[PDB]
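Visitor: Before anything else, here's the structure in question.
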4 protein chains.
Amino acid sequence: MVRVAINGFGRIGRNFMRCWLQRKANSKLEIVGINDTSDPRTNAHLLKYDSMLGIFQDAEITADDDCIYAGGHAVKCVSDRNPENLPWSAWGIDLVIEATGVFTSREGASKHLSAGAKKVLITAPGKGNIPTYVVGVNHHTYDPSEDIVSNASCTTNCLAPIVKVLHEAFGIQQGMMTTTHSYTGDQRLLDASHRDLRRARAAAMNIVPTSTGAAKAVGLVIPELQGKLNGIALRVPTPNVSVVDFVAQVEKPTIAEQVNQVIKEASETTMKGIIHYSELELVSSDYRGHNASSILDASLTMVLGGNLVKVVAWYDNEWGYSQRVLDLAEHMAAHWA
Amino acid sequence: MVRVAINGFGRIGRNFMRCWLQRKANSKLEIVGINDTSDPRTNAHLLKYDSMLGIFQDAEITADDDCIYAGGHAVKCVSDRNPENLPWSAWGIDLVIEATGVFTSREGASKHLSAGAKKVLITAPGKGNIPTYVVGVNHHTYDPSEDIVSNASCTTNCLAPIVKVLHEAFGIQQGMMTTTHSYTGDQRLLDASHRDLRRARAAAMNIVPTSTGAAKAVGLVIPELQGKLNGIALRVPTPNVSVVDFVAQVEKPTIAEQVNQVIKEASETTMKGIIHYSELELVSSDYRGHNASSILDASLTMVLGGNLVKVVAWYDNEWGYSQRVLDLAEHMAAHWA
Amino acid sequence: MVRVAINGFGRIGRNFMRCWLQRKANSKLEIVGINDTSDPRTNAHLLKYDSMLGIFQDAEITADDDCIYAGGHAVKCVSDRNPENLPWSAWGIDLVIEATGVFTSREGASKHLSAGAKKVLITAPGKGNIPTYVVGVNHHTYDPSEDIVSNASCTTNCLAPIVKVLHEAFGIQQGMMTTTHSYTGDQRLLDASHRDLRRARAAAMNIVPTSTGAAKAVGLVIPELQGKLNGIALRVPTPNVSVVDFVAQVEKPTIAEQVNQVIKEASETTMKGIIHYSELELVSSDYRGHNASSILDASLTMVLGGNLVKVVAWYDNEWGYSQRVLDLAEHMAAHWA
Amino acid sequence: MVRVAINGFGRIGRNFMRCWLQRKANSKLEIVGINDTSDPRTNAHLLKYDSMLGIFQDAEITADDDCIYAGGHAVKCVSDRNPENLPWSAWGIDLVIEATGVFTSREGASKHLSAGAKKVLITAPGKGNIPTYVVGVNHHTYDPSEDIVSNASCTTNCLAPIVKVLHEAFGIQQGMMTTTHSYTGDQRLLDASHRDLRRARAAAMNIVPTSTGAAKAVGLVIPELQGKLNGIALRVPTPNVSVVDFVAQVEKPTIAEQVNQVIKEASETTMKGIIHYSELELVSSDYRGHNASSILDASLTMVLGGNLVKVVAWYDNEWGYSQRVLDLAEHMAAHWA
Ligand SMILES: NC(=O)c1ccc[n+]([C@@H]2O[C@H](COP(=O)([O-])OP(=O)(O)OC[C@H]3O[C@@H](n4cnc5c(N)ncnc54)[C@H](O)[C@@H]3O)[C@@H](O)[C@H]2O)c1
Ligand SMILES: NC(=O)c1ccc[n+]([C@@H]2O[C@H](COP(=O)([O-])OP(=O)(O)OC[C@H]3O[C@@H](n4cnc5c(N)ncnc54)[C@H](O)[C@@H]3O)[C@@H](O)[C@H]2O)c1
Ligand SMILES: NC(=O)c1ccc[n+]([C@@H]2O[C@H](COP(=O)([O-])OP(=O)(O)OC[C@H]3O[C@@H](n4cnc5c(N)ncnc54)[C@H](O)[C@@H]3O)[C@@H](O)[C@H]2O)c1
Ligand SMILES: NC(=O)c1ccc[n+]([C@@H]2O[C@H](COP(=O)([O-])OP(=O)(O)OC[C@H]3O[C@@H](n4cnc5c(N)ncnc54)[C@H](O)[C@@H]3O)[C@@H](O)[C@H]2O)c1
């Protein structure tokens, strides 16, 4: 049993905690420590009453000022912004889950390793050559001495299994993407001062565009496509779920039905539990809480000229990404060294 | 001076009326008739107080039950759903502006021609071989005996000048698009019964995807690209403005700076007043009421492998589209036959 | 066992069907007929995939063009706007549930009685002296020969138990209310033509005010307060749940804690299952799907001058109102005559 | 001419700057200093492109890293969170406009007085006995040696003229209010950790209630009603404008038409430019940018039992409040001591 911790009890942290509360019996992981910038009275309320996933129902949530009782299970909790003053060796922490969006560097994330933690899994595309791993693509090829691992962004975590399937079946020369992304917490609500100008504007009002390198992270997790994948993101006023457009330029020519057939059988042989395949005419809010990290929308797949394919993929960047974080954490627990 | 009329005083009709009130002096067009399914007391209020373009300021709006006084200028108004019982020859109507979204067929739109109107300009991609014309691409090549002309959709009206510039400068083999579209009036507000299932769901809550053939309408207005352009649309909860992604596969290789240079000089030589070029980091709501039919977003243009280009274009599908409708109407007034 | 039917398979109809699917075993009601203006293929999809209550999970939903199989249970379905051409006696219908928002008159609703139905329960404040009944206030005092009964509006259905408790405990001279109401389907999405001007404007953008007489319906269901209760409504861009403010002028003086005590014990003795009492600092979306028809918000109750009380009550106007409709339907099944 | 400064270039600061740019010629005020936590390159962009008031049009906005050129007029700009290290005497500052929402205490706001400023006008209901003044009620009765003055909240600034008119004409025993308030910048966008739990939840999703003492601030600015006015606030997902409900218990009995007559003539004699009177059926977004600090909605005013009145007032808490701030600043410039 592996004692794990959570740095930053935000959206990813609350979803990680809720996922572990829903996957408790099959777990080699026991969550024993969290730390947020809030007191332990508030974040227990925010855990129980999520305005996106409704009221939690299965287990009882309560807290006092030093611990949080989730379903009778106790969990410790502290508050500090310095990662160096944190009781890790005092709590016996193998794996800490970096989820603050602050410690993306190696030198930032390694502060927990210095302060007495054994491995760190950071839920962000980290700066510098941090080894990145996506469940369903290359979650096998990590060396267990790599204590500082990184899951990529949610967009990369959705997009990379589709790109893996299409690269194996057809071969990819180039590829664009344009993810229509739900608004995240970084954007200011009203027009307030912010480091980047396109995130400074109002979130509920605007399609704000942004440039991301998270398309290039597929070139990290798939090495032979690096420098060939690039794309932008569009933040629109939907709170939870998002869709990603993906334009690839394959070289083995095909039609629109065949790529759907390929991804449909890949959903049932190899990418089971990663890619779901849906031939329904659903819309965005029917994917709040879906377990797969990419639902391929079947009716919109199209091919022009044989060698130019477009797919779109629904994905929940708050629930499915947390599911892949927890699956990667359990998969590194199963190969603990 | 050409006496013109408006069928359906909806969003496109109110914006058309507001544009003509802002372009009155240079106009060979006099708006003399409208008809909506509402009484003349209500739609004058809806003209004056638009919850998107604010309160109209320049001229005074009032009405009684038979006429509407806009700035002292009188305009007639009636209410009927049958187009065959309408006083057109009684009012002397050369051009009627079909904007109900109902009469898209030739046989539907020709009911006004039968009922005593001389030309009809329909603001929709019509079913059947109706001659379509976009201002800035092929607004010259209409024969003036074509009395039933069609402007295309707003997405096509934005996309086609960019595709014209890139086809002339580079040559296009294939091309995808994915427009992130503002929600239109056809979608039901709450989850209500509707003919298409993906428009049946809630508009303020959801990214609803839809399949459109309005990308193929570029293949109508540019003949040598027909059957090579296809794309989908994403309706997100923004009320007014929208952005269109466009992935083309050019064959003459280039870089990302050069296509920006080409479109920048095309903004200043030929597409002036059609395509604006913006090297600012703006967001969506800074294009409410822009006069150009496509603002090319400069910072997001990218080229992979030399022969694969992506542009994005902001466009207002309620104001700029009305501007192109009024420009096409004046341009057919200038070549009246 | 009472064979019941649903006129209009909208929000109230889908919620009624979902409630009966969740309360099947304790039911003397069997739903055997529905009719909407849509085909039976579409509304089964709209039943299964609600963008407000998520995907239905307990039972399987499928359909063909003549019947709908909900969890193996078959239900008939037809489509007609004329209520006089409907197979009621051909289907053996005791109680039809009017939920179209069209047939509010006695002469409108009695068309089903003429066409071969035995009782009609209309889910609207009907025009004319239709006997109105609220579960938890006067659901006992109906005569079973009254075949045309009316449940009131959702605002009245929330407000009247609180007014009953405060009138019994303190006595009420006068009383105002101002319900901050979620947007309903009647409002046009964009600024479109509509019979009332304040509902003609955009729903996602605006606090639209409206005048309602649903406060006066408390004076129907409580007779000694008629002509003493009046209030307005505010429609704000939230899709599901709503809150009602209520200012009463009591005459027996008291403090803010005592009215909370009175309503707390009334929640546990008489209004159990009607009024829930919450001393949490919750917000709106934590009441999506709550079973009570009024959650009294405890922290906001205030009394000025001893004789002037203000309460606020969360209530779900799409789920709890359907629950009260189904409870009234079962309660009229238990006293069938 | 009075050299003035702005602490905190947020919503109130940007609106104050935009108002002074629109009221330049009649001004004894010259804006010479601002300070925000952002660099001078960003906030000039945020001044020019407001996603609520559109693009500014009259004057040109540019900046470099030390000054901001607004229409040729230069203004200095700095960045510091400590108010004690600020160049006030180096810049010659008579009046600084506290708008950070941080320095609400006397000891906090007096740091600018210590650091070399002569008067401070704070745009918040300050803690402690800070002299508060509302334009249109008691903007005359300030002593010019009171260097630390406070404008109240926007809700109080709207509500107090109506309460002044109704107290003079009828006399008020008690009074409630319930303002349906637009969401402000303090609320977290997604469910994030926050000091108060009801502001911790999502802003675009929820009617979040909050308790405010800004109703009691009317008892400060009108002394004989203190301890008689109290109310709550409802934050709904509208970005800009808000409406306030107001229930008073008058003692001189009257009807609903007479209070409308009283406020209509008070709009034309004394409260001109403060209270506008509208007998239109407008909605919320037709008050974006209105100059009056309260638009009385005429059709909703109601009186029950003669001695119980309810009014509702539209008001823009981002533009009209800035107008009253600038009017108070000019009115203290006209009586400089
Ligand atoms: N938002 C999404 O849906 C999503 C999806 C994929 C990945 N991510 C990544 O997850 C990370 C966090 O996302 P989120 O939405 O939970 O962020 P958030 O800002 O909503 O929550 C982060 C939490 O961490 C706290 N925190 C920040 N710095 C801290 C510090 N130094 N010490 C302690 N606590 C600290 C914050 O105050 C907050 O409580 C970011 O890297 C984000 O890019 C987000
Ligand atoms: N919504 C946009 O931004 C946009 C952009 C480009 C093109 N268009 C096209 O413009 C058309 C109308 O758009 P809209 O937003 O104004 O539509 P709308 O539904 O908002 O308004 C249409 C108006 O026409 C009235 N009408 C409908 N049928 C009628 C009939 N038979 N007789 C008389 N009046 C009738 C409607 O009641 C309403 O008043 C559609 O074809 C749409 O696809 C819309
Ligand atoms: N919306 C709410 O939350 C709520 C709450 C309480 C009460 N109500 C009342 O419930 C009623 C319906 O509400 P809703 O939201 O379901 O309405 P809706 O408009 O969303 O759905 C009504 C359904 O009935 C159909 N219909 C209308 N006229 C018909 C006819 N003549 N024949 C057959 N089908 C017809 C409509 O097309 C639609 O399918 C209204 O009286 C409303 O005031 C609504
Ligand atoms: N939001 C409204 O519509 C409204 C209406 C009336 C009154 N007010 C009051 O106005 C004040 C500000 O409102 P806002 O919407 O502009 O706030 P905001 O948070 O949107 O903007 C405040 C600005 O001040 C900056 N700031 C904060 N602390 C600072 C410090 N110590 N030094 C320098 N800069 C600092 C912030 O970073 C931001 O740039 C608050 O007291 C608010 O209650 C707001």
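Each chain of the structure tokens is named A, B, ... in the order shown, its residues numbered from 1; ligands are numbered from 1 in display order.
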Per residue of chain A within 12 Å of ligand 4, note the shortest atom pair and the distance in Å to one decimal, counting only C-alpha atoms and all ligand atoms, and order the rows by chain and increasing residue number, as a Markdown table.

Guide:
| residue | atom | partner | partner_atom_place_in_ligand_line | distance |
| --- | --- | --- | --- | --- |
| A:188 | CA | ligand 4 | 20 (O) | 9.0 |
| A:189 | CA | ligand 4 | 20 (O) | 8.6 |
| A:190 | CA | ligand 4 | 20 (O) | 6.7 |
| A:191 | CA | ligand 4 | 20 (O) | 7.2 |
| A:192 | CA | ligand 4 | 20 (O) | 5.6 |
| A:193 | CA | ligand 4 | 39 (O) | 5.3 |
| A:194 | CA | ligand 4 | 39 (O) | 8.6 |
| A:195 | CA | ligand 4 | 37 (O) | 11.4 |
| A:200 | CA | ligand 4 | 39 (O) | 10.8 |
| A:201 | CA | ligand 4 | 20 (O) | 11.3 |
| A:202 | CA | ligand 4 | 20 (O) | 11.0 |

Visitor: Fewer than 4 positions away in the same chain doesn't count, so skip those; otherwise give me all residues within 6 Å of residue D:122, counting only C-alpha atoms, as a PyMOL selection string.

Guide: chain D and resi 97-98+150

Visitor: Using only C-alpha atoms, I'd like every residue of chain C that has an atom within 7 Å of chain A; please write them out as a ChimeraX atom specification.

Guide: /C:49,51,54-55,285-286

Visitor: Give me, as a tab-separated table, each residue of chain B that comes within 9 Å of ligand 2, together with its shortest interatomic pair and the distance in Å at one decimal, counting only C-alpha atoms and all ligand atoms, with rows ordered by chain and rising residue number.

Guide:
residue	atom	partner	partner_atom_place_in_ligand_line	distance
B:7	CA	ligand 2	33 (C)	6.2
B:8	CA	ligand 2	24 (O)	3.6
B:9	CA	ligand 2	39 (O)	5.0
B:10	CA	ligand 2	21 (O)	3.3
B:11	CA	ligand 2	16 (O)	3.4
B:12	CA	ligand 2	16 (O)	4.1
B:13	CA	ligand 2	16 (O)	5.9
B:14	CA	ligand 2	16 (O)	7.6
B:15	CA	ligand 2	16 (O)	8.6
B:35	CA	ligand 2	33 (C)	5.9
B:36	CA	ligand 2	34 (N)	4.1
B:37	CA	ligand 2	34 (N)	4.8
B:38	CA	ligand 2	39 (O)	7.0
B:43	CA	ligand 2	39 (O)	8.7
B:79	CA	ligand 2	33 (C)	6.8
B:80	CA	ligand 2	32 (N)	5.8
B:81	CA	ligand 2	32 (N)	3.9
B:82	CA	ligand 2	31 (N)	6.4
B:83	CA	ligand 2	32 (N)	7.1
B:98	CA	ligand 2	11 (C)	8.1
B:99	CA	ligand 2	11 (C)	4.7
B:100	CA	ligand 2	24 (O)	4.1
B:101	CA	ligand 2	41 (O)	3.2
B:102	CA	ligand 2	28 (N)	5.8
B:103	CA	ligand 2	31 (N)	7.7
B:104	CA	ligand 2	41 (O)	7.7
B:122	CA	ligand 2	41 (O)	8.2
B:123	CA	ligand 2	10 (O)	5.7
B:124	CA	ligand 2	41 (O)	4.7
B:125	CA	ligand 2	41 (O)	7.7
B:126	CA	ligand 2	41 (O)	8.9
B:151	CA	ligand 2	7 (C)	8.8
B:152	CA	ligand 2	7 (C)	7.7
B:153	CA	ligand 2	7 (C)	5.1
B:154	CA	ligand 2	6 (C)	4.3
B:155	CA	ligand 2	6 (C)	7.6
B:157	CA	ligand 2	6 (C)	8.7
B:182	CA	ligand 2	3 (O)	7.8
B:183	CA	ligand 2	1 (N)	7.8
B:184	CA	ligand 2	1 (N)	4.8
B:185	CA	ligand 2	20 (O)	4.9
B:186	CA	ligand 2	19 (O)	6.4
B:240	CA	ligand 2	3 (O)	7.5
B:241	CA	ligand 2	3 (O)	8.5
B:316	CA	ligand 2	3 (O)	7.9
B:317	CA	ligand 2	3 (O)	4.5
B:318	CA	ligand 2	3 (O)	4.3
B:319	CA	ligand 2	3 (O)	8.0
B:321	CA	ligand 2	6 (C)	6.1
B:322	CA	ligand 2	6 (C)	7.9

Visitor: Mind pulling up the distance from atom CA of residue B:231 to atom CA of residue B:312?

Guide: 13.7 Å
